[PDB]
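> coordinates only, sequence not included:
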Ligand SMILES: *C(=O)[C@@H]1[C@H](NS(=O)(=O)O)CCN1C(=O)N[C@H]1CCCN(CCN)CC1
Ligand SMILES: [Cl-]
């Protein structure tokens, strides 16, 4: 009955949302009572008929930021950087720029002062262009005052964390972070040998969309991973103590809230909500206006442990993919919803919520 109920629950949560959002393929992984549960739906590729499996690689887009945050957490807990470091401390190119007055924390938590959602399309995946972009960037408002969800913000945070560790971000992820997290199906650059696992992404008119190179793509949205691996990462988050101490600490560093915007407490990468909270509030927290509009932050007097009765989540999308990860530290409950369509965050949260609610009920 338990496996049946869980399947019934996940199917009931997933299938209508897949149909409603014409999601070709969707992988759910749920960590429940110390066990992974995988539910795979539809097609990794509509064209070659490859089914989604728990090993299908999906672009997780901005969910990558939680990996980025973990690397940063590593840098932080390795004392290679501090959250209150000015950004320019970790990149000479930024000295003299406004990043002299912007903390790593600001970058991490999108409060640098209006760094946009994405790099402008003019900024290519080019060290110099990224350098030039930040050098010329000016805060729209005081750093530390407004959250404007931003790839270049946390991208730079990750980039600087990498710099603080003296290695390229991508190399640190591949050589240290992913192996530390026991992730062998998690890639910034999917190996050729794993490309068969790489789901097709689908956008408008089902145009195939796999994420192309972009500035700080690795940091912002670089990860392709399987539901199984992303759940392993969720499990690492649920149980940092299961990782070697440096990485346990790194993960812990992503479970610290720095401010609140509405119901959301912003950690490094992870965004936390009190749990339970209504689906609508969780959706609002993961809504377009939340992402696209600056929100005055309510800074916490001290970093808040993002644990216990909290839902930590991250939405992530690429043009062709829509990922959502949510976990409830205090419930040893985690779920991953990876889809090869960028379907509305609200819908991802709806699936997650239906699953979480059904697990409660
Ligand atoms: C993360 O996925 C962010 C944003 N996250 S959010 O849903 O939580 O608001 C959603 C879109 N987004 C993101 O990173 N977009 C990338 C997608 C990749 C393609 N585009 C160029 C690819 N080189 C960059 C924008
Ligand atoms: Cl970007």
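Thanks, I have it. Numbers count the residues shown, from 1 in each chain. Ligands and ions are numbered 1, 2, ... in the order given.
> switch to C-alpha atoms for all contacts and neighbour counts from now on
Fine.
> wait, what's in contact with the residue in the stretch 101-250 of the chain positioned nearest to ligand 1?
With distances taken as Cα to the nearest ligand atom, the stretch 101-250 of the chain approaches ligand 1 most closely at residue 214, which sits 3.5 Å away. Neighbour list for residue 214: 123-125 [criterion: Cα atoms under 8 Å, 6 or more residues apart in numbering].
> for PyMOL, what selects the buried ones among those?
Selecting the buried subset of the contacts of residue 214 in PyMOL, with 16 or more other Cα atoms under 10 Å as the burial test, is done by:
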select buried, resi 123+125
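> out of the contacts of residue 214, the closest to residue 178 would be?
Within the contacts of residue 214, the smallest distance to residue 178 is 22.3 Å, found for residue 125 (Cα to Cα).
> confirm that the closest one lies within a strand, as I assumed.
No. Assigned with DSSP: H, G, I helix; E, B strand; the rest coil, residue 125 falls outside any strand and is coil.
> residues near the nearest residue to it once chain neighbours are set aside, how many?
The spatially closest residue to residue 125, leaving aside those adjacent along the chain, is residue 215, at 3.8 Å (Cα to Cα, 6 or more residues apart in numbering). Neighbour count for residue 215, taken as other Cα atoms under 10 Å: 23.
> which residues does residue 215 contact?
When contacts are counted by Cα under 8 Å, 6+ apart, residue 215 is found next to 119, 123-127, 130.
> for it, give me the backbone phi and psi.
Dihedral angles phi and psi of residue 215 (degrees, to the nearest 10) take the values phi -60, psi 130.
> quick check: it vs residue 152, distance?
For residue 215, the distance to residue 152 under the criterion Cα to Cα, to the nearest Å works out to 8 Å.
> so what sits against both of those two?
Looking at what touches both residue 215 and residue 152 (by Cα under 8 Å, 6+ apart), the common residues are residue 119.
> for ligand 2, give me its nearest residue in the protein.
When distances are taken as Cα to the ion, the chain reaches nearest to ligand 2 at residue 118, 3.6 Å away.
> show me what whichever helix or strand residue 352 is part of is packed up against.
Taking DSSP states H and E as the criterion, the element that holds residue 352 is helix 345-360. Applying 3 or more Cα pairs under 8 Å, 6 or more residues apart in numbering; DSSP states H and E, one finds that helix 345-360 makes contact with helix 2-20, helix 279-285, strand 322-328, strand 333-339.
> ok, 10 Å please
Counting by 3 or more Cα pairs under 10 Å, 6 or more residues apart in numbering; DSSP states H and E, the packing neighbours recorded for helix 345-360 are helix 2-20, strand 25-32, helix 279-285, strand 310-317, strand 322-328, strand 333-339.
> how about a markdown table for the ones you listed, with distance to ligand 2 added?
Converted to a markdown table, the helices and strands packed on helix 345-360 look like this (distance: least, Cα to the ion, whole Å):
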| stretch | distance to ligand 2 |
| --- | --- |
| helix 2-20 | 27 |
| strand 25-32 | 24 |
| helix 279-285 | 20 |
| strand 310-317 | 11 |
| strand 322-328 | 16 |
| strand 333-339 | 20 |
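> wait, is residue 252 part of a helix?
Yes. Under three-state DSSP, residue 252 sits within a helix.
> excluding its backbone neighbours, what's nearest it?
Nearest one to residue 252, counting by Cα to Cα, 6+ apart, is residue 240 at 6.6 Å.
> ok, how many other residues are close to that neighbour?
Applying the criterion other Cα under 10 Å, we find 21 residues in the vicinity of residue 240.
> do I have it right that it meets residue 73?
No. Look at residue 240 against residue 73 with Cα atoms under 10 Å: they stay out of range, at 11.9 Å.
> give me the common contacts of these two.
Any residue near both residue 240 and residue 73 by Cα atoms under 10 Å, 6 or more residues apart in numbering counts here, and that gives 246-253.
> name the member of these with the most neighbours.
residue 251 (30 neighbours).
> list the contacts for that one?
Residue 251 sits next to 66-67, 69-74, 77, 181, 233, 236-241, 243, 245, 268 when contact means Cα under 10 Å, 6+ apart.
> same question, residue 130
119, 123-124, 136, 152, 156, 214-216.
> how about the contacts of residue 215, which pair is most distant?
119 and 127 (12.8 Å).
> shared neighbours of these two, anything?
Contact criterion Cα under 10 Å, 6+ apart; residues shared by residue 119 and residue 127: 133, 215-216.
> return the closest of these with respect to residue 188.
Minimum separation from residue 188 among those (Cα to Cα) is found for residue 216, which lies at 11.2 Å.
> what's the neighbour count on the residue nearest to the closest one when sequence neighbours are not counted?
Nearest residue to residue 216 in three dimensions, chain neighbours excluded: residue 155, at 5.4 Å (Cα to Cα, 6+ apart). Residue crowding around residue 155 was assessed by other Cα under 10 Å; the count is 29.
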